[PDB]
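Remarks on the overall topology
Chain by chain, the residues run as shown.
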Amino acid sequence: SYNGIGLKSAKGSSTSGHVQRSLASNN
Amino acid sequence: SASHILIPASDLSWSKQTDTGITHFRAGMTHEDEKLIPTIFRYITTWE
Amino acid sequence: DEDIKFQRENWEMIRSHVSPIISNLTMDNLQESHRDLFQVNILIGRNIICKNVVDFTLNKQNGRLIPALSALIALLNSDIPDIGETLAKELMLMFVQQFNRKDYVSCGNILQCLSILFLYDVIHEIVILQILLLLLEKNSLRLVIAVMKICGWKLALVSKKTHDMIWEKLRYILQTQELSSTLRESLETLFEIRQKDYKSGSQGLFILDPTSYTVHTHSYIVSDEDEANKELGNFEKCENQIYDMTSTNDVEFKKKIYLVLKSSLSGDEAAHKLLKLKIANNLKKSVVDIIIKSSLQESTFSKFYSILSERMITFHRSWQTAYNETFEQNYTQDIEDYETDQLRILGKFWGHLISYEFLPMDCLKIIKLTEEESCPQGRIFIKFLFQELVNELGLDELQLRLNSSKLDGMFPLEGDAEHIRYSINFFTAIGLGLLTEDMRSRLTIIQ
């Protein structure tokens, strides 16, 4: 869910806007 | 290529305040087939 | 008479074979116990094998071993129906006797046996329900709960319509009638297990397939006089491949980790892509080897492979073991192949992880500084390791960690002044000699 992260839209971004959580950052 | 790269997206409301660290990744360039196309930052040895 | 003699110790040994087999019967021994039981003449010791099951059931030490026991009976009933035919008879009479005796301890021992036999399709649902009707005709409610907790899973599958009627009368008990207290909370616990769907009464030793058990579902009822065949347990007198020389599965995997490692910008990105793959634990030693070999193609140390490896270690402990195994596998084996341009990359690589406690200082205890157990490229690797320890920590903080390491293997402190003369000679050649103040005091006392 859009928890403050990601894009306002994927329209002008030229990406898909796909956000995935960093498995590296945990502790 | 330099843009088949997961872009670090991390909480723009709190990213202006402090250095959040890389907590999430935004996708850089999409397409059916899986890219994996290397980027030349891995091929250019850094200045330090 | 020698024939009466020979038949008696034959009868004795068959009795003395079955009794330790039943006493050694447990899970993951059932097939081995049934194998040795099969070679002993079961049909001659027909009541011997039945009575040794009944008494080992009844003894009240068991009750735990009942699903191990009833699984053997299904194996016997699959092999010889007459054994399970007679053994189901005695358990019916053992119930009706002790129900008339009001021996509540011995009844539940039989009822747990009759439950799991119905779970293993030894006996019909008719023999179960009529016991339930007799128990529910009186109170008898402590006995009937231990039945329906175990068998009601299977029984609602088979005979749902009558079993719903058992519940409906049993629900009329704790709803419109006054009950004793301690018995009452057990009865409503059965109603609690009902909504939890009997998932804690449905585990046992289903060794036989439903077509490997020859289906002798014995349709005996507990209102039948059951012949009580104790007499056969007495003694009587019979006048009667392409070999894989190539590793192309590994090569396609070794290509995939390398493509992950070169398609990423930052070390946190490459770490995320490797953890996204969910690499199996046998390969996680080999993934570290791909990372280290790709770090040596770079021709200069990079902080990319450091922060790659740091996010591996803090993710799960099996990665941290993989780096600890690799650091031993690098130092003891791989040093002989590496050039001196590659050793300065590794010593700065492992010196970075050690100085930030991703690897403990106790991994340095493996490294030993002698004339014999020291390779000339191994001493180069120690030199570029300690320089990254000095540059990161400082010369004083490194002095504190080496004192807490008690890795005399590195700096001795006693034993073979020729090694103490060796180790001072080597450390001052690096340029760090402030650590060697402990050895010079030890050296002059030997002189």
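What the deposited record gives as its method is cryo-EM, and the resolution it gives is 3.70 Å.

What follows concerns the interface of chain B and chain A. Counting residues at the interface gives 13 residues for chain B and 14 residues for chain A. In this assembly, chain B packs against chain A so that about 1,100 Å² is buried in total across both faces, 54% of it on carbon and sulfur atoms. Seen at the junction of chain B and chain A, the total is zero salt bridges. In this assembly, chain B and chain A are joined by five residue pairs in polar contact. Among the elements that line the side of chain B that touches chain A, the one with the most residues is strand 2 (residues 24-26) of chain B, at three residues. Looking at the side of chain B that touches chain A, its residues break down into six nonpolar, five polar and two charged. Relative to strand 2 of chain B, strand 1 (residues 19-21) of chain A runs antiparallel, the two sharing three bridges.

With that settled, the discussion passes to the packing of helix 11 (residues 248-262) of chain C against helix 13 (residues 284-296) of chain C. Residues and elements named next belong to chain C. Between helix 11 and helix 13, the shortest axis-to-axis distance is 10 Å and the interhelical angle comes to 55°. With respect to helix 13, the axis of helix 11 lies oblique. Considering how the two elements wind past one another, helix 11 and helix 13 form a crossing that is right-handed. Contacts between helix 11 and helix 13 pair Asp250, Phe253, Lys254, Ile257, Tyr258 and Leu261 from the former with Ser286, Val287, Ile290, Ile291 and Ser294 from the latter.

Turning our attention to helix 2 (residues 30-39) of chain C. Residue and element names in this part refer to chain C. For helix 2, the set of buried residues is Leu30, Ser33, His34 and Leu37. Along helix 2, the residues classed as buried sweep out an arc of 95° about the axis, all on the same side. Structural note: helix 2 exposes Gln31 and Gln39 on the side pointing more than 90 degrees away from its buried face. In this structure, the buried residues of helix 2 make contact with helix 1 (2-23), helix 3 (46-58) and helix 4 (66-79).

Here is what the cut-offs are and how they apply
- Residues numbered from 1 in each chain as written, not as in the entry; some residues may be left out.
- Chains lettered and ligands numbered in written order.
- Part of a larger assembly, values for the part shown.
- Heavy atoms only, no water.
- Contact = heavy atoms within 4.5 Å.
- Buried area = accessible area lost by both parts, 1.4 Å probe.
- Salt bridge = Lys/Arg side-chain N within 4 Å of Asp/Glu carboxyl O.
- Polar contact = N/O pair within 3.5 Å; in protein donor to acceptor, adjacent residues only side chain to side chain.
- Helix = DSSP H or I, 4+ residues; strand = E, 2+ residues; numbered from the N terminus.
- Nonpolar A, V, L, I, M, F, W, Y, C, P; charged D, E, K, R; others polar.
- Pairing = 2+ DSSP bridges.
- Axes fitted to C-alpha atoms, helices over the stretch in contact; angles between N-to-C directions.
- Parallel < 35°, antiparallel > 145°, perpendicular 65-115°, else oblique.
- Left-handed = near helix turned anticlockwise from the far one by under 90°.
- Buried < 20%, exposed > 50% of the residue type's maximum accessible area, 1.4 Å probe, protein only.
- Arc of directions from axis to C-beta.

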